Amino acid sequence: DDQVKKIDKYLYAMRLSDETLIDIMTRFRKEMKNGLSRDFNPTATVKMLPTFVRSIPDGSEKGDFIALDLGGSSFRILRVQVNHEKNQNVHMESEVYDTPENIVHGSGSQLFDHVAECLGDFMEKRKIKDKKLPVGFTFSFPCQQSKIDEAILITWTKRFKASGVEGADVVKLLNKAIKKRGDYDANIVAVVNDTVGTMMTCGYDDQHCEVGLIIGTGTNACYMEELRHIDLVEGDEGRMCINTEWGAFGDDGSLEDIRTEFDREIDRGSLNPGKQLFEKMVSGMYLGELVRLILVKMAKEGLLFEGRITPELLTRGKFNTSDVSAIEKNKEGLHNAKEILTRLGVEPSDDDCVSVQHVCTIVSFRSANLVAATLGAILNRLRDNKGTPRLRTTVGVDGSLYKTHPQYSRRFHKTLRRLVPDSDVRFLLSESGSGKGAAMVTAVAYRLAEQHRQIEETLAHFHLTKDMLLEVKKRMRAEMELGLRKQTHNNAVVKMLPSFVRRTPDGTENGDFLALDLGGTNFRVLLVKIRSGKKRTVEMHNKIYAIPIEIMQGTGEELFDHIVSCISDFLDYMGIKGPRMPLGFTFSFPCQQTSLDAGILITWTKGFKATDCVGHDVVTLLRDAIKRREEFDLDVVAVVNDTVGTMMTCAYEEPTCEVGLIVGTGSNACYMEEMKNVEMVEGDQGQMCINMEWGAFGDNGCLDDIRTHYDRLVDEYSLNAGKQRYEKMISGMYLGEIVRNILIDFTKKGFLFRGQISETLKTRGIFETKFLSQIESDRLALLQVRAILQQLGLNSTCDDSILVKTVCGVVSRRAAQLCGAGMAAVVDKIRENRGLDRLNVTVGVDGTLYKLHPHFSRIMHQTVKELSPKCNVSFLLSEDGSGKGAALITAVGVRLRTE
């Protein structure tokens, strides 16, 4: 018995006490916390990688898929088929493909080309090549994943080292491989770790399974962690499977007290020097060589074989874990030992077979013990999570060492239950391998992939290519010409109306003017004082007056009686009622003018529909209302479009400004045109600012080309169906509605809101500019988005919030691009007007959508730059509204009247 109590001392370092195993477990419990926090994760050796698997199979899984299994003992390819509807129990076939050491160590090419070939063959043997079967991929190595169908290899482990893979996405690599073959197609849909696949397999039969264990070639474990603990994944709702990749436990010196002179030597001869230190003490790729190393040490000291030592005993890996498993069976360990030892060359004495069989014991016992130390940590986590004073769960398992060693399973289970007897754990052992669990993953993944495909398909119609954009620009320019020319003018949809403002501020304007601002979100009245000369100044005051919908769509008389009423109030307010003052009337609607002070309303736009206004001169209507009240008398000098007012506001200080843009409730633009081109106004000298009224672009159908189902719905249900189509794809009054329609559709499709169309969601106007701007704010936590959605009355989850945001962006982006296409045409027509190669011009802009939206202006500018590269456009934001420009315009109006 001395022949054994002696070893125990020699290998005494590799005999861990329960006292010790407790410290190990404690440490791994920490490593887990560190691997999960976003602060410490980058340092942690235990990556706790997110797996994107939300729970174990339930039974709803159904379909037919192909699974790949690489990284373990053998490269397998399975085929799982299940459908409880048709009443077809889980069925599955499989095959193995020989993979030479040279492929596992070659280039990713060789490897993945080899994988592609094996998939080709596998499918050629069932002729399922033409079937759109979803592919699953079980990949044993640690991977960075942001989505289930992505796998960026962090680092090879076990037996693989292939160049050009670490840091890449194995999904893209495999897809490339296939492509290069053009022998068939394959829809890779998920990549899972063998652990995760194992947890899934057992879960399928045991709904208590919350863990996945793999003690084979290598060792690793996955478990169901709470989403409120996975810092690296936005969301707390529910749980997600976490791959711990604990093999790297101690890769940073963590276990320098546990590791022995033998672990250090096996490492110095390993493929991955310094890494997977915990694993190199446990898995079956190392146990065999560990034993051999210990036997070489002893032999050199005469403790075995009479200190005999053959070349085979020194050769790497001449001792297999097979032999470590064959030595330990009760019946025949010693008989096997003899044969194994004898083959080596040493002169195996019945004593040697007894000593060697004990070395194996200590080695194999330790591994198991360790895996119990860490597993204990996982369970300790689960119980703590739940809260129950006692944990009850099932642990999946797989891998060759656990499966073949006749003492490992037995011993391990015992040690674990002892370290954490505060729980009743069942050990279900996969038999199918991982395929079942894996395909159970593909099922769900593919299910989600399909939805996503439909989503993307629908949103794809809102994407515009450089060329499509250039086409819009072109169509815009064409419509611009039709509008300017007397012949084609009556039918042209882009009216190109004359403003009768012939020049930007010349710095002589002087005086006190009243102003009106009607058509934007806020109706106001203003007093603007301009003082020219050396020391020039501008002083203004205003006040917002509400207009009740009932009035905003009552009768003409009513509307202007209210307006004039507001004017009276403002006059009292400013303490200036009495005098007869000149007035500029900013009226944001398409008007036919014959002079600066006459403007006949062509048609209502946006939200206004007062009766008996269209066809009238809005200046006449105003004068009438002034006469009716009889309280005071004014000299209405001008009627101005907000575009024009905006351009003048900016021209006041920026003389390079010759363009006006509004992107608010509605959208429109104006620019300085050469009189020779304004065929609708006699004269060919100088210039005139043209109120484009480009919102109507597309009303003749010249855009049906790019309008969508959702665009038509908004148009079709608006106050002015068939009109302002271009605007209806750009401004803040409509974007929200487009979004809302997209969402209603997605909900009927079951992609959102658990497929229930909220009463809120059926309320029109719900997505105001304000909300759209907030939703698309950068780095805006999903938690915040969800917050805003619930605020509107939309009870949404994190996935909902993500989808919604994506939709808002698609719409707001298209809007900026279409707007830019228009401006592109405009600035380019100017460049030509001046026969320039390059043109510098600045645009005066205004509008709530433009001010509030965090992407519009940016994308809009980018677009104008790409579409009209021969122009350098400066967009200057108007901070005081349109009033200064209207006033400057009123001044000139007076110089003409008093002329």
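So that there is no doubt, residue numbering starts at 1 and follows the sequence shown.
**Student:** Per the PDB record, is the mean Cα temperature factor higher over 692-700 or over 171-179?
**Tutor:** Per the PDB record, 171-179.
**Student:** Tell me which stretch, 820-828 or 792-800, has the higher mean Cα B-factor listed in the entry.
**Tutor:** Between 792-800 and 820-828, it is 792-800.
**Student:** Pick out which of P348, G736, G197, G396 has the highest C-alpha B-factor in the PDB entry.
**Tutor:** In the PDB entry, the greatest C-alpha B-factor among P348, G736, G197, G396 is found at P348.
**Student:** Out of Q81, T649, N193, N720, which one has a C-alpha B factor higher than all the others in the entry?
**Tutor:** Most elevated C-alpha B-factor of the set, per the entry: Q81.
**Student:** Can you tell me which third, lowest, middle or highest, the CA B-factor of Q862 falls into for its chain?
**Tutor:** For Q862, whose C-alpha B-factor we compare with every modelled residue in the chain, the answer is the lowest third.
**Student:** Name the third of the chain's ranked CA B-factors that contains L16, choosing lowest, middle or highest.
**Tutor:** For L16, the deposited C-alpha B-factor lands in the highest third.
**Student:** Name the third of the chain's ranked CA B-factors that contains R29, choosing lowest, middle or highest.
**Tutor:** Top third by C-alpha B-factor.
**Student:** For the chain shown, is the CA B-factor of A891 in the lowest, middle or highest third of its modelled residues?
**Tutor:** Ranked within chain, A891 CA B lands in the middle tercile.
**Student:** By the recorded C-alpha temperature factor, relative to the other modelled residues in its chain, which third is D69 in?
**Tutor:** Middle third of the chain for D69's C-alpha B-factor.
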